[PDB]
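Overview (structure and organization)
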Amino acid sequence: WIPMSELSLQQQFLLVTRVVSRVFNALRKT
Amino acid sequence: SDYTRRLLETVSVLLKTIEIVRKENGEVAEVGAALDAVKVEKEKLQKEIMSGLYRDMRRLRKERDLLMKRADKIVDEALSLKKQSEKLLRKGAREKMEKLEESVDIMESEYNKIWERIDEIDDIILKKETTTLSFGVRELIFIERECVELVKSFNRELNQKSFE
Amino acid sequence: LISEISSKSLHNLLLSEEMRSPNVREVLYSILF
């Protein structure tokens, strides 16, 4: 798991971009 | 372990595309279609792995839930036997008392057996997680970044070629 | 949690390239705010 309380700023940017990418992939099929 | 074999044939096709676009100056759209085919086949393979994993997960979790439901039945039966013994203690019939306690003892034995099988289902669940999640999807992701960085390096080389 | 496991597997942080304490994280979060 390696929880998020030890990561970096750009790594948290990677997390939020992967979340928004999954959301966009879910919504683009409409 | 055939996932890496089908994907290895896929990336062999990708390297064949790389060679034929490097030699005879093919269109970039062909390499794009090849990388998209690799991406969609990786996504389909991941979906197949997830479908099989969720199938065995539903089977294991439903067997575990059946075990807890049977444990609920056995503790309800044990409570019924204890209540029957409590009512019969006021009467003084000592012949059924030993039978009731023996039935409670064998309930306890099957309860311990149920706990043992719950544990040996749980660790099977954990291992069937970790083996697949450590081997399959991670191999697919590693080779996916490998093939897309090969494509990106070749595209950079082609950009260098075109600007001179 | 269907895609959460794939998200756990996907993240490419294997190149750390950091090279302190979580108290410094708190004070730097305050500075950023």
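Summarised in this report is the structure supplied together with it. (Residues numbered from 1 in each chain as written, not as in the entry; some residues may be left out. Chains lettered and ligands numbered in written order. Part of a larger assembly, values for the part shown. Heavy atoms only, no water.)

Focus on the overall build of chain A
The condition is simple: By the criteria applied, helices consist of DSSP H or I runs no shorter than four residues and strands consist of E runs no shorter than two, each listed in order from the N terminus. In these tables, accessible area is a Shrake-Rupley quantity obtained with a 1.4 Å probe, and a residue counts as shielded only by the protein chains included in the view.
On a plain count of helices and strands, chain A comes out with one helix and zero strands. For chain A, the accessible surface area stands at approximately 2,700 Å², while carbon and sulfur atoms represent 69% of it.

Here we look at helix α3 (residues 95-162) of chain B
The cut-off we apply is this: One less than the residue count of a helix, multiplied by 1.5 Å, gives the span that helix is expected to have. A residue's bend is given by the angle between axes fitted to the 7 residues ending at it and the 7 residues starting at it.
The end-to-end C-alpha distance of α3(B), which contains 68 residues, comes to 100 Å, matching closely the 100 Å that a straight helix rising 1.5 Å per residue would cover. The sharpest bend along α3(B) measures roughly 30 degrees and falls at B:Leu133.

Some points on the pattern of salt bridges
Residue and element names in this part refer to chain B. In plain terms, the rule: Any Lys or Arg side-chain nitrogen located within 4 Å of an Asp or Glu carboxyl oxygen qualifies as a salt bridge. The classification of residues rests on relative accessible area computed with a 1.4 Å probe and restricted to protein chains. Under 20% of the type maximum is buried, over 50% is exposed, and intermediate values are partly exposed.
Throughout the structure, instances matching the rule amount to nine salt bridges over all chains. Among the salt bridges present, the one from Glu-19 reaches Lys-23, with a minimum N-O distance of 2.7 Å. In this pair, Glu-19 and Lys-23 both sit in helix α1 (residues 3-23), four residues apart, roughly one turn of the helix. Classification of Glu-19 as partly exposed rests on a relative accessible area of 33%. Several salt bridges converge on common partners, so that one network encompasses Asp-2, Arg-6 and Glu-48.

Some points on a negative patch on the surface
Residue and element names in this part refer to chain B. Our working rule: Patch criteria: residues need more than 30% relative accessible area and no salt bridge. Like-charged residues are merged within 9 Å; nonpolar side chains of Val, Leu, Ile, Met, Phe, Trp and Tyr are merged within 5 Å. Under the convention used here, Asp and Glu are negative, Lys and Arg are positive, and both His and the chain ends fall outside the count. Every charge is mapped to an atom, namely NZ of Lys, CZ of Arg, CG of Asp or CD of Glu.
Negative charge collects at one region of the surface, where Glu-98, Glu-101, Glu-102, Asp-105 and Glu-108 lie side by side. Along the polypeptide, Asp-105 turns up in helix α3. Using a relative accessible area of 55% as the deciding quantity, one classes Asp-105 as exposed.

Overview of the interface of chain B and chain C
Where the parts come together, the accessible area they lose is often given as the size of the interface. For the record, the criterion: The contact criterion used throughout is that any non-hydrogen atoms of two residues lie within 4.5 Å. Throughout, the accessible surface (probe 1.4 Å) given up by two parts as they are put together, summed over both, is called the buried area. Under the rule applied, a polar contact is a pair of N or O atoms within 3.5 Å (in protein, one hydrogen donor and one hydrogen acceptor; residues adjacent in sequence only if both atoms are side-chain atoms). Amino acid classes used here: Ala, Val, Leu, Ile, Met, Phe, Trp, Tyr, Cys and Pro are nonpolar; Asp, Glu, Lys and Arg are charged; the rest, including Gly, are polar.
Between chain B and chain C, the contact holds seven residues from the first and seven residues from the second. Between chain B and chain C, roughly 590 Å² of surface is buried when both sides are summed, and carbon and sulfur atoms account for 58% of that area. On inspection of chain B and its partner chain C, the count reaches zero salt bridges. Where chain B packs against chain C, one counts two residue pairs in polar contact. Every element with two or more residues in the side of chain B that touches chain C is listed here: α2 (28-89) and α3 of chain B. Broken down by element, the residue count for the side of chain B that touches chain C peaks at five residues, all from α3(B). Partitioned by chemical class, the residues of the side of chain B that touches chain C number four nonpolar, one polar and two charged.

Points about the arrangement of the chains
Contacts are most numerous between chains A and C, taken over all two pairs of chains that touch. Without any contact between them, chain A and chain B keep their closest C-alpha atoms 12 Å apart.

Quick look at a nonpolar patch on the surface
Residue and element names in this part refer to chain A. There is a patch of nonpolar side chains on the surface, built from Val-19, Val-23 and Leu-27 and spanning about 250 Å² of accessible area. Relative to the helices and strands, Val-23 resides in helix α1 (residues 9-27). Residue class for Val-23 comes out partly exposed when judged on its relative accessible area of 42%.

A look at the layout of surface pockets
Here is the rule: Here a cavity means grid points, on a 1 Å grid over the protein atoms only, where a 1.4 Å probe fits yet cannot get out; a pocket means an open set of points with protein on both sides within 12 Å along at least five of seven lines; lining residues are those with an atom within 4 Å of a point. Grid points are joined across faces, edges and corners, and a volume is the space filled by probe spheres set on the points.
Considering only enclosed or pocket space, the largest pocket measures out at about 950 Å³ in volume. Around the largest pocket, the lining comprises 28 residues; the ones closest to its centre are A:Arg22, A:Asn25, B:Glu43, B:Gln46 and C:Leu10. If you list the elements that add at least two residues to the lining of the largest pocket, you get α1 of chain A, α2 and α3 of chain B together with α1 (4-10) of chain C. Here the lining of the largest pocket is composed, by residue class, of nine nonpolar, nine polar and 10 charged. Looking at the second largest pocket, its volume works out to about 690 Å³. Elements supplying a minimum of two residues to the lining of the second largest pocket: α1 of chain A, α3 of chain B together with α1 of chain C. When the residues that make up the lining of the second largest pocket are grouped by side-chain class, the tally is 14 nonpolar, six polar and five charged.

By themselves, these observations are geometric and do not establish any function.
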